[PDB]
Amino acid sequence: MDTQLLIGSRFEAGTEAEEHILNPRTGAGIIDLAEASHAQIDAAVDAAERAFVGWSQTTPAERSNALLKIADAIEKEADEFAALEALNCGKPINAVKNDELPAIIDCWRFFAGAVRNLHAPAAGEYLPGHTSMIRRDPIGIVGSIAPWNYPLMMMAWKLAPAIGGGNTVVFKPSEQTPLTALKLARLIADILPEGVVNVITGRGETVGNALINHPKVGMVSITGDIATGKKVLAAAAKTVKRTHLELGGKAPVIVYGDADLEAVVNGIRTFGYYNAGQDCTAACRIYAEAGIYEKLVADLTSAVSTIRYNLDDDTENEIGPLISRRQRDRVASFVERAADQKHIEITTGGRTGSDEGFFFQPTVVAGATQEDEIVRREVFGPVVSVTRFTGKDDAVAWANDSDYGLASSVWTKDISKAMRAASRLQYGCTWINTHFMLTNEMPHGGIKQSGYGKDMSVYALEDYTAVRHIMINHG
């Protein structure tokens, strides 16, 4: 198992305090892993600065070929990557093999293409006697910080467009899930010039804090809590760094009377509880038309109680556990304070779902109003709340009444209603009659307190490039 930080032209154990990397399924320690010291952080950033000189001067083709080689290397080792991810996060092995790995390999391959495919206003004489052109150039050194929920995929989303933009990068995985990052580092070191990608480990309050405050770092990219993003903006303020923030979401699900309830329920069953609902796009805030409200709750309760987790065979598991005991207790806290109300009812689950490990029972919270904590605030667990609306209510207006703005869905067979909702929802993504589906050509990213910047799509690469106007006077 790879345990070495990638610092410039060499691999190197951390010299600071160890993180106790836990198996979330059993609670047992996977490994103790020392974090980067400040000296190592500086070294990594210095290497990045050194590599920038030559790496910012590569052609799109050269960088494309490098992204394709990272993709091969991952593919060639998809199995071990999948198993290591499964171990680190308690995800079901086939979900990782079948959903995550091909998505991850496709991401690197998608970026290899977008790198050769940036557009801009056409070159020409916009002032008489002067020829203008627009380039999209590297920005500088990127500090990249990843959450624990989709470690290897988060790494693809952060690194592919950063490197592909001609930038050099110092990358930090979550303290809980550094594993796939250290293995991918060993692989990248054999493909990329030294210092183009640097990988350090450690806590957000020490190592992450040092990276986001480092004077040489030009852009900070982060996915995590709203609170973490606010820290990033605060640090950014000190030296006017560019930022890229993906800050979570409570995705609204609007269900009209003419929805296919079977599709809706099966949709929420998987997409509302996938990855134990530790997903920023998780279907969790349900608005249900009054006519189908009771049927929805009923049918959803029984379909949710069949969700398999913690089974002795990782083939039959549909959802995994929560990342930590801390994460589980927080999910349990939001559920208790919901079960607090004499108008809210927990129809299924609500309790913790194991002795050893950090499992939580799939939960349906019903009767919840716009006022309630479970609706207004993010739960980040295998929990879903349901809220009634009527034909006299503007469910889009209700959905839009939020600090969040990442992802959303609308379920109805009526093209008129679905398209009206689609044009009015204040969310980075709106699915119609599905939820949760991503494709690497299409942008994922919040508005409002969910943040700004996109993962996947040409747009991410645009996020990591500087737009430059060149004007030549020739009269």
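From 1 onward, residues are counted along the sequence shown.
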{"property": "405-413 versus 25-33 - greater average Cα B-factor per the deposited record", "result": "25-33"}
{"property": "Between 182-190 and 90-98 (mean CA B-factor, as deposited), the higher", "result": "90-98"}
{"property": "Residue with highest C-alpha B-factor in the PDB entry, from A123, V220, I344, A251", "result": "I344"}
{"property": "Top residue by Cα temperature factor, when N400, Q361, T228, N213 are compared in the entry", "result": "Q361"}
{"property": "Cα B factor band for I141 (lowest, middle or highest third within the chain)", "result": "lowest"}
{"property": "Ranked C-alpha temperature factor of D329 among modelled chain residues, by third", "result": "highest"}
{"property": "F171 - Cα temperature factor, lowest/middle/highest third of chain", "result": "lowest"}
{"property": "Chain-relative CA temperature factor third for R203", "result": "middle"}
{"property": "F389 - Cα temperature factor, lowest/middle/highest third of chain", "result": "middle"}
